[PDB]
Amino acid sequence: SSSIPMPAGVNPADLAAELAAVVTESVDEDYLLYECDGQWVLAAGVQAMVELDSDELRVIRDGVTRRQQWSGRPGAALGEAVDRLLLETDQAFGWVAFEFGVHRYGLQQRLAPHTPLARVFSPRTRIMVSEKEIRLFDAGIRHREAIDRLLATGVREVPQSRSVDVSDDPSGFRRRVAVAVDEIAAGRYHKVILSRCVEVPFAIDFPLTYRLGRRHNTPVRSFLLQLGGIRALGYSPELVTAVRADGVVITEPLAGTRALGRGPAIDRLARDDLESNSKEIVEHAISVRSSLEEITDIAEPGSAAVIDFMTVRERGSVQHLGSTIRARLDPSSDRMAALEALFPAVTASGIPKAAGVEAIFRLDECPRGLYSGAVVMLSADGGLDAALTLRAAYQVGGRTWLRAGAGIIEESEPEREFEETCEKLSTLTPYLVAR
C-alpha cells in the first residue's frame, strides 16, 4: 500500500478513467471503476469471481470453477460467497441485477434458466485516485510501470462526441405506458416505472465517454466497467442501499423530475415548479412512505427516520425531488438482507412492490439486468455501498445501448412520459465518444 501525489493540472475522474484505459491496453484485464465520496476506486483484474444466477452459484479462481446449488434467499447465497471473498481481500466490487429483487415478492418462478442475479469479484489490485493522491494497493511491477507511463504522457484530449437520435420509439413505450395507465385506473397498482432502450449504432469508447459525461453531471456515485463481456458506465443519481461498518443504513428515494441544464433562469422556473407542484409532491410523499416501510423490515425498532425530506437534487440533464432515509441495522439482520429489503429500488420499480415489479415483467423489455439493479462495493468491515444503476450505457456482444424510464401513475400521459425519458437520456446522449 504505497502512494503517489496527484499531478497538478489534473482531475481525479479523468486520471482514473485514463488509468482504466491504459491497463486495458497493456494487460487486457477486466476492471470496475467506482467513484464514492471523492475516491475513484479502480478495482483491476479479477482474482476471484462470484457468479450468482437464478439456478446456480459459481465461484471462479485461477482457472477453477466451483459450482453450487442454492435455495432460499438470493441475498443469503450471495452473502455467503462474498463474505468469503472478503477474508482474502479488503474490498469486493460488481453488479446486482434488477432480477435479484424479485424473489422477495414471490416472482422467482418467472426467471428463465441461467438468469444472472449478481456478479461480484475480488480485484487483484486497487488504485485509488482522489484530488490529493493516487494510492496503490497490491500493484505489481507490470501495473506500476504502466501507471508511471500514464503519468508521463498525460491524459488524452477527449474527442468531439457523436450524436444519437432518441426520438424514435421502436419498443412502443407510448403504447406500453397507456397499458399501465389503464391497469392503474382499474386498481391493479398505484405506480410502475417503465423504460425503453435506445440503440447506439456505433461502437463507443467507454473510458473517454465516461470522462466527457462526468464533466456534465453531478451524481451520487459513478462507474465504468469491463466485466465478463459487459462494458458499462453510468452516473448514478441515488443510493438504493448503503450500510456502514457501524450499522447505519441509508436509502435515497428520488421521485419527481424536471429538466436541468437548459439555462439558469429556465432551470429555476422548473425547480420552482417541481418544489410546488402538488402531483409531484404527493407522489414523492407516497414514495418516502413506501421506502420507510421497506427499511423498517431490517431496522432496530424505532430507528427508521427521514433525514432529508423532499429536497431538489440536481443530476445533470434532470433535477428530482429526493429524500434520504436512515435506519440502524438490526443485530438479527445483515447487509444483504438490507439490500434485499430495499430491492429493487421502489422509485425504479413500483408501488405496491409485488404488483409493480410483476407489471414490469409484462410491460417492459426483460430481463432488465444491470438497469435498475445496482453497482456495488463491499468491504470486509461490513460496508455495503449500492448505487442505483440508472443513467447508464451498456455494451454486450455487438450491441451498445442506453436505457431510461419514467414513473407511471393514474394521471400520466404517454407523451410527457416519453419526454421525461428523453430528459434522462440527455445525461449521456450529448457525450458519446465513438470507438
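Counting begins at 1, following the sequence as shown. For the two forms, the rigid core is made up of the largest set of C-alpha atoms that agree within 1.5 Å on superposition.
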With the rigid core as the fit anchor, does 397-405 or 23-31 show bigger C-alpha shifts in 7 other deposited structures of this protein?
23-31
Give, as the answer, the stretch of 360-368 and 138-146 that departs more from the shown form in 7 other deposited structures of this protein; the measure is RMS Cα distance after a core fit.
138-146
For the other entries of this protein included in the comparison (both sides of the residue modelled), is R268 absent in a third of them or more?
yes
Determine if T347 is unmodelled in a third or more of the other PDB entries compared for this protein.
no
As the entry reports it, the stretch among 330-338 and 132-140 with higher mean C-alpha B factor is 132-140
Which of 60-68 and 391-399 has higher mean CA B factor, as the PDB entry lists it:
60-68
Take the CA temperature factors straight from the PDB entry and tell me which of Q108, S317, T209, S349 peaks.
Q108
Among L32, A406, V376, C366, the highest C-alpha B-factor in the PDB entry belongs to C366
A245: which third of its chain by C-alpha temperature factor?
highest
Using the B-factor values recorded in the entry, state whether the Cα atom of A77 falls in the lowest, middle or highest third among the modelled residues of its chain.
highest
Going by the entry, which third of its chain does the Cα temperature factor of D385 land in?
lowest
By the entry's values, the third containing the CA B factor of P301 is the highest
Rank-wise, by C-alpha B-factor, drop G322 into the lowest, middle or highest third of its chain.
lowest
